[PDB]
Every structure is written in C-alpha cells, then in structure tokens.
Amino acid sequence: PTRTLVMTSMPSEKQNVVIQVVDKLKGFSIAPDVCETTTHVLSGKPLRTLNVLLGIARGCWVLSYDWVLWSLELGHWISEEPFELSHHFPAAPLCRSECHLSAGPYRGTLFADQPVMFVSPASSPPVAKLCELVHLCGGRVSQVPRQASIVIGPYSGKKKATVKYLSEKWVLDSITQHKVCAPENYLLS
C-alpha cells in the first residue's frame, strides 16, 4: 500500500514545490511524521530533528531537498545517494545499507548488547518517541526503574551505584554515529 515521503526542516515554499513534484512523478505519499511506510525523508536544512532520527532508525534515505529538483527536471525519481546526508549523519547511509541488504523485515541491532533501559517520562524528546527510537535500534525498555541498568533522562529517584544515569543525548548521538557512544560524557548529576 504505497510508500511515504516526509519533509523535515523544510521552508513552506519548498514544501509546496515537493508537493507539486510528488504530484507529478507519483510513486510516493506525503506523510507528516516518519512511520513504518516511510522510505524517504527530505530535509531543507541538515538539522537533527525527530523525523531525521526516526528515519535513520528505520533505514530510510535521508536526503537534501535538491533530490526533488533534479527529479522534476529529469522527469523521474533519480539516484538518492548523491543527495544523502552522510556527513551530518554518518548512520544514514549505513542503516540504509543494512535495511536494503536485510533479508526480510529489517530491524536495527545497535542496542543489542545493551541492558534494559528505563526512559524518563519527562525526557526530551518525548518518552514515547524516544522509546520508539530505542526499540527500532534493538533496545529494550522497562516501565520499572528497578529492572533497568541504564536510566535515560531526568530522574530524581534514589541513585543506585550499579546503574548508569544518562542524558537523552547518549541515545541520540549513538543513533547518529551508529556507534554506541561512551557513557562517560553523558553522565547526569
């Protein structure tokens, strides 16, 4: 049932343009947020938005607006890789490659070796979407802090010596770099 395309950090005018182009070339449905059907995420400015992260997590193409301008002139969807934001988001190309090379439904394994995490319901981004991010990267999330060996986000409970209390940036940077970052920098107070 069709694939979706989503715009992020996109100026109004460029949005209009994209709507036109997609209207002309077909093949895509415009969506407001990255979901299971999304395969392309177009960005006006290379900023790390939720859509960008989610798009990386699902192995989508994370591209610059230009891709839509050349596609319109050539009369069809062209090579995405030339417009892929690999420099700002090294994980984009990697995850995409994994997703395509994947035999059957793809699912990330970035947080496979990680222990169960508790994500603060006061976290930024919103705990739901941040948990989504965790699960799309093969992570595990408990609703109970007591089971977690890693707690992410604002937390004023008793601090166990064995537990790791980290910021959301640990997750975010890990997804961006596609390498699990060193917790030492992301230690909360």
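In this text, residue numbers run from 1 along the sequence as written.
Q: Averaging only over Cα atoms, indicate whether 64-72 or 136-144 has the higher B-factor in the PDB entry.
A: Mean CA B-factor is higher for 136-144.
Q: Would you tell me which stretch averages the higher CA B-factor in the PDB entry, 21-29 or 7-15?
A: Comparing averages over the C-alpha atoms only gives 21-29.
Q: Check the PDB entry and point out which of 101, 85, 91, 117 has the largest C-alpha temperature factor.
A: Most elevated C-alpha B-factor of the set, per the entry: 101.
Q: Among the choices 45, 164, 48, 158, identify the one whose CA B-factor in the record is greatest.
A: The record points to 158.
Q: Select lowest, middle or highest to describe the third in which the CA B-factor of residue 178 falls within its chain in this entry.
A: Ranked within chain, residue 178 CA B lands in the highest tercile.
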